[PDB]
């Protein structure tokens, strides 16, 4: 990757429906070169794909939660817990972090009941779980994971 690729990415991260002609004009380079570079980037796996950004509200995803999960130590309990957490419907993010040396789980649901039946009940039944603490998100000030280049 070079300076050029960055500018391309800085644009595609925001809007992938920006016609080549428009991008070519902005960064001032041959449309055929651009097309080539974009292919290169995908080939190499820099650009892993293109997604539609859907508004969660539009799907009535009102119950937003961030849960910290502490795992029981020993055997392979840790790694196993992470994967079990990542497959729960509604969970889009699972991170293993230092500090509380545990998992941080991001999930979304339409209501409390859905949350309870799909997430909580499942979680409370997992043996490797020592403890879980759920923080209800009451306001999303910002959520732009797509923005990787500032």
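Positions refer to the first chain, counted from 1.
On average the C-alpha atoms of 77 to 85 have higher B-factors than those of the other stretch, with 98 to 106 and 77 to 85 being the two compared. For the pair 39 to 47 and 26 to 34, the mean B factor over Cα atoms is greater in 26 to 34. Of the residues listed, 9, 140, 16, 132, the entry assigns the biggest Cα temperature factor to 16. The deposited CA B-factor of residue 147 belongs to the lowest third of values across its chain. Among all modelled residues in its chain, residue 125 ranks in the highest third by Cα B-factor. In the PDB entry, residue 55 places in the highest third of its chain by CA B-factor.
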